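Data first, discussion second: the structure below is written as structure tokens.
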Amino acid sequence: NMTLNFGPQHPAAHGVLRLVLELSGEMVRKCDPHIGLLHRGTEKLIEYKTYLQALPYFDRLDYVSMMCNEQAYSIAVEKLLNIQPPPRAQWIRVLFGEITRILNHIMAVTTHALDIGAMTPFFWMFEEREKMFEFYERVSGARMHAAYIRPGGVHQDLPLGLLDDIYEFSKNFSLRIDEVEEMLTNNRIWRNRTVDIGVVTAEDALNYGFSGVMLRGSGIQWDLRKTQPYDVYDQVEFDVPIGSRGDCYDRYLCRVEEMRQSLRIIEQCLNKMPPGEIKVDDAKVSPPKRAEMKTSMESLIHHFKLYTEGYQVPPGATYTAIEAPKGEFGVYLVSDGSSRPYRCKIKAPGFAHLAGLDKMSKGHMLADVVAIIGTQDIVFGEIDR
Amino acid sequence: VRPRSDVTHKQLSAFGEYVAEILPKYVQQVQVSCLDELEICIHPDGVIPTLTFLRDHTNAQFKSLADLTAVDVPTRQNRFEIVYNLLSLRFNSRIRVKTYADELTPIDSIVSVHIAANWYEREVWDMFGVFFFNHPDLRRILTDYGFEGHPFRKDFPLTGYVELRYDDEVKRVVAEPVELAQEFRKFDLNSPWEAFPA
Amino acid sequence: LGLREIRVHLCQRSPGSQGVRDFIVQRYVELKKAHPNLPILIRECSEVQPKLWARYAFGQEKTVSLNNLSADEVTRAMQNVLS
Amino acid sequence: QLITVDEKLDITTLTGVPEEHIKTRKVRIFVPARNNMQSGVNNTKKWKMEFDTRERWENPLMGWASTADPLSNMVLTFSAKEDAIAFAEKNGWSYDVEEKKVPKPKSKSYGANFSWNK
Amino acid sequence: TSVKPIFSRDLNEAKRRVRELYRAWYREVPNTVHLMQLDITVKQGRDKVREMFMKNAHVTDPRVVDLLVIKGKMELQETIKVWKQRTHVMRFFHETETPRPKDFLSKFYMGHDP
Amino acid sequence: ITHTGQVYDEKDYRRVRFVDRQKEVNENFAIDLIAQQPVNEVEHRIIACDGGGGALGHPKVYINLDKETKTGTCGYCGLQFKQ
Amino acid sequence: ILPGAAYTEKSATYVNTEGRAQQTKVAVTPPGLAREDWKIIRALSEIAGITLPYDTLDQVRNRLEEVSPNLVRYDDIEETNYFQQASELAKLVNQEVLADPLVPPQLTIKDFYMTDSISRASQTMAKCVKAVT
Amino acid sequence: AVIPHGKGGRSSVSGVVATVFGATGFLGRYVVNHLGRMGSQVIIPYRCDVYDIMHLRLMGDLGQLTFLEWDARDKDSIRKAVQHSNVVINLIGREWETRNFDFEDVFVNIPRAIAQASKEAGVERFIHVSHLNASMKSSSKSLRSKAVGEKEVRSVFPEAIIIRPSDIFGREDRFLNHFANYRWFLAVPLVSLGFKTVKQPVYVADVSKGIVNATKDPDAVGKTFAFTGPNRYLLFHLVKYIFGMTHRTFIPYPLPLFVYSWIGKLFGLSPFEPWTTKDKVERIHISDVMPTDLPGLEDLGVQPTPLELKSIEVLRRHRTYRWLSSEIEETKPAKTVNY
Ligand SMILES: NC(=O)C1=CN([C@@H]2O[C@H](COP(=O)(O)OP(=O)(O)OC[C@H]3O[C@@H](n4cnc5c(N)ncnc54)[C@H](OP(=O)(O)O)[C@@H]3O)[C@@H](O)[C@H]2O)C=CC1
Ligand SMILES: [Zn+2]
């Protein structure tokens, strides 16, 4: 088992992973993943920043699912304040929440293939991704790292015309997923490198805290979006894609199926989004509209205090978890009465998944390790935080 | 104003009593937040016993460990507040069991109860310095290989004490005491006026 | 031994200092009248036993403890200092 | 069974602080006063211990303030004087506690302002 | 007082562990200087080990000592199971940094706050 | 040179920075550009300067042009108005 | 010229009129090569061969304790005094109070604005002085 | 002046604005390193394309290192470089007389114009570097020409420090690498079979630190320091020692210099940086002069560093996989010669 220190060789990437390994020839005896190559301090930095100026950190925690992460902090800060977002904002967050899930799955399925060696699916779907980014940009201003979902709702209403385009795209994206399929779902070769690789039992998946497709792929039925509804994911109707014979191929099929189910949720959101405001009306939590702060004294005072000092969340602590595309993303946000948080442990679906690499890739070849890092959608930002 | 259902604050409250009764040797306080979240508090010795009862009890199956974290209240004699958040896919409820550990009074490890904790416990040692007995392999996970000091402790400087640059003379990366070119501006933000009785 | 200054660091309301303070009350004036230039410093320490610090010539300072000493012993010790 | 130690918990050896900043840094435990500008007293409640201030030289390229002292911006907040003193002792930093000074009671009554002879 | 023992009931038992670690490091110094192609002398390195093991000679409390070796053992593991490359090891020697004088006159001549 | 008379002394070395390079400055200086705009002769004691453009301008403020001698100047635009 | 610091720039001690010793804290590091007053004199001594025994502030303070009590105990007025023996020596002293009226130097407020060095060097104080004049 | 504020590392200020014309050099690289570490303002006049001076950028901090385009023949370029510097350090030198620059130019002609302007500018101090044992009559045109310069510059710039280093020992140096690279040559010629040319190497850093310390010390004015080393050596042990660490056979065979000066002439004809130089050859067999002079290292504040100590790093690249892991302890030391 000559340690090879593989992974600083940019072989599965997804970030920078020094997967020190001991391999008797081409068989892996033990995988000890090393982490922290991307630790940056996100958890300590937040303690020194106000709630609204810590929102941009969450987009960077796992930036392939830029927004879905923001929703988790939002929800958490809203709970602590016992404020809820307005009805239109909720639908928006579910609209962009799902668009983001697609974006993550297009990343996970196509990047999985690039490591496997199939390169054309990535270019096919990165063009669709591109088109989605443009939604982000025309809603937030940034292609990724938007900062659109803030603790009290969305920042600004959708541009006048976005919904129509999030339709044209959705109306077609399916065929794009269909194509990838005709290239990989039944490839006589995709199956081999993926089938029966990294099988994880159901009991073991719950035990190692997998909590994601990784659980769903093993047949455990748990979607925090159906079990513990957040926002208005309760008002929509979608089917969790549960899997059997959990293995790299089965979970994949699950990720392609949630891409499909998210188009079902996006359709609805476009069909039923309400007229209304996109941010709470409590100037206490949400910043006042710029026409108001420039004509009304109470609004300037509320604008000045909110931007300079902060929300001033009531003292308490909460663990709120959503179903980020990777898995359960949760923020444990302890908070003193101050405007700046006290602690904000980010639970990363990924710290648990990597740990499982050892119990998944046993008696496996070097190529198998590459396939399994792909089937965990490891974004080193969330793991390293 | 958020919608609150008291069904949960009642269900969870009752469970709290149930846990407390079943594990009275360790449960010190059991509270339900106004946010409908239970937070049994246990003596550090009850780490193994309280978790195991929750992982393997028919009326309370709490199979997966959502997270293991340690807030650091420097004022508190026992500095760290290890918090374990658990989920029950069977009863669709989460509970949090939180204990207290000082810097040199280690806590037991639950890698036995949940193997998810193998990594998070290493994370708590690296950042806060709490030690976990009976851990299979406790070693720094997130910090650099030669890092000295536990970073998330409230008493550790944000910028830290060492930074890295490449030195030609020695043709190798080299630590030097941190010298920052614009110190972190420490805006004082607390207002001198309170908000409510709380 | 050139004497430049004498510091009597008595400690008020302290049991031991009783003697020192008594000296101040009864004989301080006299000592000063006799040595009308020398600076005799009456200072008030705390949680410390009294000390008759003396500064001799060329920056040398010498110490004589006055803890629990009678009024005349304080007078005798002071007289021994300015020989 | 427990073991006995009379040694003041000093854990200076585990904290991981460079030697220079443990032996040359004096921290002051004080309850913050109120900027006279505002009359609110919610920032004069909890004790804080703050490390001694150090060099802040101007930066040549942009004129930004630059500091070589890591423990400068760090101010830890402790609820009671006893707990803050404990932090200094086990971390090995020197301490000089300042007693809280609270406004003395002041007698006020609107009638006085209309006094026959004030 | 009345503390719970971490791993060593008394400074005596604890010291036993320190002895073991010293030996460990002593036996390892040579290997590292060769597997990392470090430009140092085994003797030189071995003195460094001594330096560190004594930098913390003053600790009297058993619990503090026990953690110190746990931590010490962890460092060794990172250097014998090599995950710490030269840059990491040489840092111990503080080779690039300019030494600061501790003489008062020296400091006066250079820094506002000594 | 710059808006604030920022001119590196003849001996300062940051002038090396400008060696072989342009020290960026703007010809259009505000202190002067506002002066050009004439005083607005309003006929009401108190007038408001919304900043021009309403929401696209500056916070609305009312100016008292009562002082006959001087002219009101919006703390924001610098625009001056006289009665 | 051996430049020193100002009370905004050193952890020195001062005492007001009823002997309450108080501690200035360093708000800003002293400017230029300028140094804390106590060190310049400790250093000059080391360059002279009589070298003051104190090398760190805490030591200079311990020094203050041996020469005087108030200096080390802060915020603490010294209760007892010995007025009676003071009078006895006053009675021994014989002097003539000249008929010249005793006059405070600060007769009106322009007198007040500029007195010490920092005050004299004040542009704000100078503006205040001309406003009065 | 610039009051020195800071703790001492990068992002701190020391107040030394210094033009350094030949920084790209082996010695230079080191000079900019310390100057940058200390926090000094360093102006690096350069002629080679920007690609080659990138190695100097990370050294020093932002806005602390400024690079200026400069041509030796063009007097104006030197003029603007020293416009705002208060310290000028001259390291201009070469071993091969190039088509468009003669030993005079690189050593005496150019280094004069430079200090000349520096004075016009009003730079507080100028440090001029000339090779050790440089007689106005020494055999090698190089050494003699260098001697010629140290005189002239004194008239253009009085009280201008003149450090005079021996051949330098350091990674990327010639003294040590040259001999080690004789491997390609099956036999390693050594005049007088490498005898009677005792040599005292000096670590590059020591030289650099010394030079830097000069910039920040009033004691050195008109001083002609000589950084030498911690131990002398007959060229024989040096050559073998090198081959020793390189772990390559040592075959000392004597070669009559009269013929060897000719070999230097041969490579000298090379268009691309002749590897050996007629002027080199002589220099190599030019015995190191004795140490009776304004002391350099130690005198200027740095204790010399023995050759054997860091030799391992300089000669490692020349070993083969088989010996890469080998360490200094395994190898033997060379012997000094107080002679
Ligand atoms: N063993 C040694 O290195 C010794 C060196 N010295 C002296 O120390 C000085 C530095 O030596 P070292 O660094 O090895 O020399 P290098 O060969 O490394 O060159 C030094 C610098 O001089 C510049 N230079 C050379 N010729 C010209 C020219 N015609 N016009 C403009 N610039 C020029 C080079 O710039 P570019 O490459 O861009 O042309 C280079 O950056 C030398 O002057 C030498 O006399 C003394 C004793 C021993
Ligand atoms: Zn205006």
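By convention here, the chains of the structure tokens are called A, B, ... in the order presented, each chain's residues are numbered starting at 1, and ligands are numbered starting at 1 in the order presented.
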
Give me, as a PyMOL selection string, the contact residues of chain D against chain G at a cut-off of 7 Å, counting only C-alpha atoms. chain D and resi 53-56

Export of the given selection (C-alpha atoms) as a short mmCIF file (atom, residue, chain, number, x, y, z; two decimals), in the first residue's frame:
```cif
data_model
loop_
_atom_site.label_atom_id
_atom_site.label_comp_id
_atom_site.auth_asym_id
_atom_site.auth_seq_id
_atom_site.Cartn_x
_atom_site.Cartn_y
_atom_site.Cartn_z
CA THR D 53 -2.99 49.35 22.20
CA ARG D 54 0.09 49.01 19.88
CA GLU D 55 1.73 50.58 16.73
CA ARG D 56 -0.55 51.95 13.96
#
```

Could you give me the residues within 12 Å of ligand 2, counting only C-alpha atoms and all ligand atoms, as a ChimeraX atom specification? /F:34,37,39-40,47-54,57-63,72-81

Contacts of ligand 1, 7 Å or closer, only C-alpha atoms and all ligand atoms, given as a PyMOL selection string: chain H and resi 21-28+46-48+71-72+91-95+101+105-107+129-132+164-168+173-175

Show me, as a short mmCIF file (atom, residue, chain, number, x, y, z; two decimals) with N, CA and C atoms, in the first residue's frame, every residue of chain E with an atom at most 8 Å from chain B, counting only C-alpha atoms.
```cif
data_model
loop_
_atom_site.label_atom_id
_atom_site.label_comp_id
_atom_site.auth_asym_id
_atom_site.auth_seq_id
_atom_site.Cartn_x
_atom_site.Cartn_y
_atom_site.Cartn_z
N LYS E 4 -10.43 16.50 37.52
CA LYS E 4 -10.51 15.14 37.02
C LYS E 4 -9.31 14.86 36.15
N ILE E 6 -7.07 13.66 33.11
CA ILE E 6 -7.29 13.43 31.69
C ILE E 6 -6.78 12.07 31.28
N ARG E 63 -2.70 17.47 34.16
CA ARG E 63 -3.65 17.49 33.02
C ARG E 63 -3.02 18.25 31.85
N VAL E 64 -2.37 19.38 32.14
CA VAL E 64 -1.81 20.20 31.04
C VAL E 64 -0.74 19.37 30.33
N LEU E 67 -2.19 16.70 27.77
CA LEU E 67 -2.62 17.26 26.51
C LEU E 67 -1.41 17.62 25.71
N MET E 74 0.63 14.13 17.98
CA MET E 74 -0.03 14.44 16.73
C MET E 74 0.96 15.07 15.76
N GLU E 75 1.81 15.96 16.25
CA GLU E 75 2.80 16.59 15.39
C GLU E 75 3.75 15.57 14.81
N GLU E 78 2.34 13.75 11.96
CA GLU E 78 2.31 14.53 10.73
C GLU E 78 3.68 14.62 10.09
N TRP E 83 2.82 14.31 6.12
CA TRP E 83 1.78 15.11 5.54
C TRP E 83 2.31 16.52 5.66
N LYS E 84 3.36 16.69 6.44
CA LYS E 84 3.95 18.00 6.63
C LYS E 84 5.22 18.08 5.83
N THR E 87 8.44 23.00 4.04
CA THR E 87 8.05 24.33 4.46
C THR E 87 7.51 24.25 5.85
N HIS E 88 6.77 23.20 6.14
CA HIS E 88 6.15 23.09 7.45
C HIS E 88 7.19 22.84 8.52
N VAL E 89 8.09 21.91 8.26
CA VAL E 89 9.09 21.57 9.26
C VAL E 89 10.05 22.70 9.50
N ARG E 91 9.80 25.65 9.36
CA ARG E 91 9.20 26.77 10.08
C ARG E 91 9.60 26.69 11.53
N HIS E 94 12.53 28.76 12.28
CA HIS E 94 12.41 30.21 12.15
C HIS E 94 13.59 30.72 11.37
N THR E 96 13.93 32.24 8.21
CA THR E 96 13.92 33.51 7.46
C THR E 96 13.76 34.75 8.33
N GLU E 97 12.90 34.68 9.34
CA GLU E 97 12.63 35.84 10.20
C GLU E 97 13.86 36.43 10.85
#
```

Among region 11-197 of chain B, which residues carry a DSSP assignment of helix (DSSP H, G or I), reported as a ChimeraX atom specification? /B:11-22,44-55,58-60,117-128

Just want the 9 Å neighbourhood of residue 56 (chain E), counted on only C-alpha atoms, with same-chain residues fewer than 4 positions away dropped. Output as JSON, numbers by chain. {"D": [13], "E": [51, 52, 65, 68]}

Just-selected residues, N, CA and C atoms written as a compact mmCIF listing (two decimals), in the first residue's frame:
```txt
# COMPACT_ATOMS: atom_id res chain seq x y z
N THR D 13 0.41 27.28 27.90
CA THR D 13 1.18 26.38 27.07
C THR D 13 0.35 25.71 25.99
N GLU E 51 14.74 21.81 22.74
CA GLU E 51 14.24 23.14 23.00
C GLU E 51 12.77 23.07 23.28
N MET E 52 12.02 22.52 22.35
CA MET E 52 10.58 22.51 22.52
C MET E 52 10.18 21.74 23.74
N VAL E 65 0.11 18.69 31.09
CA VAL E 65 1.16 17.88 30.49
C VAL E 65 0.58 16.84 29.55
N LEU E 68 -0.37 18.10 26.37
CA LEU E 68 0.78 18.55 25.62
C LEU E 68 1.42 17.46 24.80
```

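When CA of residue 46 (chain F) is paired with CA of residue 31 (chain F), their separation reads 25.0 Å.
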
Residue 50 (chain E): which residues within 12 Å, counting only C-alpha atoms, same-chain residues fewer than 3 positions away excluded, as a ChimeraX atom specification? /E:18-19,21-23,25-26,29,43-47,53-57

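Non-sequential neighbours of residue 82 (chain H) (distance at most 7 Å, separation of 2 or more positions within a chain, only C-alpha atoms) are residues 19, 78, 79, 80, 84, 85, 118 and 121 of chain H.
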
Taking only C-alpha atoms into account, report as a ChimeraX atom specification which residues of chain E lie within 7 Å of chain H. /E:34-35,37,39

Can you list, as an mmCIF file with C-alpha atoms, in the first residue's frame, every protein, DNA or RNA residue that comes within 7 Å of region 21-30 of chain C when you count only C-alpha atoms, leaving out same-chain residues fewer than 6 positions away?
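What landed in part_18.cif:
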```cif
data_model
loop_
_atom_site.group_PDB
_atom_site.id
_atom_site.type_symbol
_atom_site.label_atom_id
_atom_site.label_comp_id
_atom_site.auth_asym_id
_atom_site.auth_seq_id
_atom_site.Cartn_x
_atom_site.Cartn_y
_atom_site.Cartn_z
ATOM 1 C CA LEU C 10 3.483 54.741 57.308
ATOM 2 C CA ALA C 71 7.128 55.466 69.322
ATOM 3 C CA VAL C 74 10.783 54.905 65.662
ATOM 4 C CA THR C 75 12.356 58.092 67.125
ATOM 5 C CA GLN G 85 1.957 69.841 62.940
ATOM 6 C CA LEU G 89 5.887 75.056 61.546
#
```

Write out as a list in words the residues lying within 12 Å of residue 6 (chain F), counting only C-alpha atoms and excluding same-chain residues fewer than 3 positions away. residues 1, 2, 3, 9, 15, 23, 24 and 25 of chain F

For chain A against chain F, which residues fall within 10 Å using only C-alpha atoms, given as a ChimeraX atom specification? /A:289-297,300

Compute the set of chain H residues within 12 Å of chain D, using only C-alpha atoms, and express it as a ChimeraX atom specification. /H:2-15,17,39-41,61-66

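Distance check against chain B using only C-alpha atoms: of A:6, A:351, A:57, A:190, the minimum falls on A:351.
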
One-decimal distance in Å that lies between CA of residue 108 (chain E) and CA of residue 300 (chain H): 21.0 Å
